[PDB]
């Protein structure tokens, strides 16, 4: 197995205790991901800064104990704030994107470690299920979807382009619905907490892909001859399933070129650091939703024990399933309301 990546990152992770062959595979993963979801760039330095955010994120998912965003010490030989500044300085969402990424590192590492049985992760998983709109916002951060939209703009020196909160909500809902519709079978086999059709109706998965893809084509056509905005469309289009064919980390080849088959002290200290570590509104999502808002849904005391061939989070009750069904079934009108260019 031979790993391909630019030499700029070949001497990263100095004194990180992983074998050289594993660092090679991580660097390859970062480069492949970056080339797939930000396929164009003008700013090599920002591109490499993005690659390093993906390096850290891959290790956080693999061995959560290795990545502690709560500690002031270097992350994996990097200066996290420095890397984020190299990526985002002079761009409209720098401060919010640092919060987005640190949230992703906090939750991801907690999940890929012994902290998975902890109170932060327990409240996170409960808060995912409090409403379909909360789900899409939290899934966004978990997938770095708006982070990567922001990164795609930054990496093309588009330092003036930005979206409202509601616009990001719809753009990431498109990207995340597309990805999660395709990642469905993998996610179910692995006992995933963060998979859209663990919550949304299975009998609308195919239609959801089809509608998200069509609205993405309609947006693309409505943004024609502003080639700035193609970096946003391209992200959603290549992220939204196609990465399963392009990245060696997925199993397209292995499946024969087929697709388809209570101590609350740390938690309170982290809520206290919400402006630093949590995306805007997450502290309220965790405080309001962390114990489970609905008396009929099935919560668990902990989400650490890893289940298989079923989703590992909250099980929605009948009434919640219907509300989530109804939210999915008005996707087009929710999209058209924030992107009125779709009305025509």
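Positions refer to the first chain, counted from 1.
- In this entry, residue 261 is separated from residue 262 by 10 or more residues of the deposited sequence that have no coordinates.
- As recorded in the PDB entry, 191-199 is the stretch of 191-199 and 145-153 with the greater mean C-alpha temperature factor.
- In this crystal structure, the stretch out of 250-258 and 208-216 whose C-alpha atoms carry the higher mean B factor is 250-258.
- Per the deposited coordinates, the residue with the largest Cα temperature factor out of 47, 279, 62, 31 is 62.
- Note on the listed residues 73, 126, 231, 131: the highest Cα temperature factor in the record is that of 73.
- Among the modelled residues of the chain, residue 137 sits in the lowest third by CA temperature factor in this PDB entry.
- Annotation for residue 226: CA B-factor lies in the highest third of the chain's modelled residues.
- Among all modelled residues in its chain, residue 267 ranks in the middle third by Cα B-factor.
- Looking at the C-alpha B-factors along this chain, the one for residue 91 belongs to the middle third.
- Ranked within its chain, residue 81 lands in the lowest third, by CA B factor from the PDB record.
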